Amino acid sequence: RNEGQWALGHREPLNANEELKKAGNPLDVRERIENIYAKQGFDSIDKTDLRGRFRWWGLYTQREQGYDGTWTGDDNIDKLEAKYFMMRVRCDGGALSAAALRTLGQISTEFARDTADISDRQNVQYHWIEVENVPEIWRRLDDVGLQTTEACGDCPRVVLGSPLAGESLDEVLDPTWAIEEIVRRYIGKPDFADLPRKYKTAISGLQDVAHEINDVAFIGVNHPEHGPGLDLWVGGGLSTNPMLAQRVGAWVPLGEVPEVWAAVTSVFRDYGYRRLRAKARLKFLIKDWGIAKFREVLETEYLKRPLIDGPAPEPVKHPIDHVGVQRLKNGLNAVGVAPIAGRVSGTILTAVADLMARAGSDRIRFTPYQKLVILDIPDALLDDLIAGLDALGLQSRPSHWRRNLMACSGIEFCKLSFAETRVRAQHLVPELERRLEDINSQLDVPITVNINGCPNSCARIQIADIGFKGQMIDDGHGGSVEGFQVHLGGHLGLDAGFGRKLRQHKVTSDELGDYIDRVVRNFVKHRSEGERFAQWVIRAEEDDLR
C-alpha cells in the first residue's frame, strides 16, 4: 500500500525528510561547512542543511533560552532554534586513550563553555558550539582518531560495547574486533548513509549494553558445539511506542559479525517504512513481519545462506553498570565512577586524563549508563586514583541514588522537552541521599530512577523502577506547570518488561523528591523479605504508589 519501501519500487519521497535526502548524499555538507558556513556564521546556513543534513555530522541545533514547555512544539521551531549547536562525538564501544580524553577536555573548556555530558550510548556531547569553530574541532578530534560521522541522522549511530571488553573475568569473548571492522567498512560510506531512520547497534560478550532496546544486537554466548560467539537480537526501541528486541534464534561466530550486521542494516534500508516519520523505525517492520519472516529474508535475499541455530544466554538478574573496583584478566584493576546523570566538564575530563597518567593507564571507557571506567590500574596506585577521582566528584562508591539515576538533557538545551532534567538531577541526588539516609540500611536492592524531559525516552523511561516522563500539567487552572507522568517497575534482563503507568497521576517537578521518598518508604513498609521493587509494584494498592 506504498509505505515508502525501496524494495517494492515505492521509492518516492513521502516526507520533507525523505525529500531532502534525495538531493545527494547528506554527508556532503562537510565541504559546505568548511567552505561556506564556518565563515559566514549561523545565518548563511540553508535550513535543510541546518535542520537535516548537519545531523550526519552530529550537529544538532540547541534550544534558545527563556522558552518553557508552553512553547515546545513543531510550530515554534524558528523561536526555539538558537544560534548555537550541540555537538556529539562518536565513541564506538566507549573506548578512548588518555590523549583522546585530554583532547575532549580541551575542546570543551575552549569551545563549549566547559560543557561536557556523557551520554547513555557512550558518547560525549558539547553545547554552546558555534559553526565558526567546527573545522578546528574536527582537526583536533581526528588527530586522536575521533570523528562525529553519522553520530546523528537517518543512519547508524554509535555501536555500543562492553566497557570491559577484553578484560572482564566474565565476558564470553571480546568482540571489539567486530565493532572496529563495522566502523571501518561501513561508517561514513554511501551504502548506509540513507536509512528509513536512526539505527542503533549494541555488541558485547556481556549483557551490559541494554541490548533488548537496540535495533540490532550481538550478545555473547557459548554454542555447545561451536564455542564462543554472538547471539543475534533484532527489533528494539523505546519511544512513544516501546518494544523489546527479539532473538532471531541465531549464533554468529565473531568473524561473520560485520557481515551479518551489514545484511540486517540492508534489510532495514530496503524494506523499512519511509512514509510516516513516527512509523519508520525497524521495530515496526519487525512487529508486522515477525521474526520467522525476517530471518528468511535476511538469509535468502542478502546473506544467500542459512544462519546457524543457537541458544539464548541466561538473562542476568541484576544489570551490569561496572561501577566500583574489579579485577581484570590483566591482573590489574578497573575502577568505575559515577557522576550525576553523565554531567562532567572540560576541566574534569582533562583532570581525569592527568590522573590516568599518574596511574600509568592509557584506556578509559564511557558506559551505556552515563558513567566512566578506567582500566589498567595496578594495586599500588589504586587508592591514590580513587581519592583524586573523589576530589573531582567522580565516586567509585556512590550512594544507590547517585549510582542508579539517569536523566536526559531536558529543557536546558533540548528543543523537545517540557521539563528540566540534567540540572534537576544535580540537586535531586543529594536531596535523596540525605533525605533517605534514615532508611539506607534496609536497601539491599537498588532502585533505578530515570528522568526524561519528554516522551522520546532518551533516558529510558519504561525500563526504570521509577521512570519519569516529562509533560505539561495543570493546577488551579490559572497555571499549567512542568511535571512528570510516572512509570513504575520497568526492567531489562530476566523477564524484561516495561513499567506500568498510573491512572490519574501527575508529579510536579518540585514534588519529585517528596514522591520518591513517599513511595520508597511505602516500599520498605508493605515489603516482602528479599523482594525487588519491580515485584512489589505488582501487588501494593494503587494508593501506595501515588
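Don't overthink the numbering: it's just position in the shown sequence, from 1.
Take the C-alpha B-factors listed in the entry for 512-520 and for 22-30, compute each mean, and give the stretch with the larger one. Mean B over CA atoms: larger for 22-30.
Higher mean Cα B-factor in the deposited model: 355-363 or 69-77? Higher of the two, by average CA B-factor, is 69-77.
Ranked against its chain, the third holding the CA B-factor of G324: According to the entry, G324 has a C-alpha B-factor in the chain's lowest third.
Going by the CA temperature factor in the PDB record, which third of the chain does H400 belong to: lowest, middle or highest? Lowest third of the chain for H400's C-alpha B-factor.
Please say which third, lowest, middle or highest, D191 falls into when its CA temperature factor is compared across its chain. As the PDB entry reports it, the C-alpha B-factor of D191 lands in the highest third of its chain.
According to the PDB entry, is the CA B factor of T176 in the bottom, middle or top third of its chain, that is, lowest, middle or highest? Its C-alpha B-factor belongs to the lowest third of this chain's values.
Cα B factor band for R277 (lowest, middle or highest third within the chain): Highest third, going by the recorded CA B-factors of the chain.
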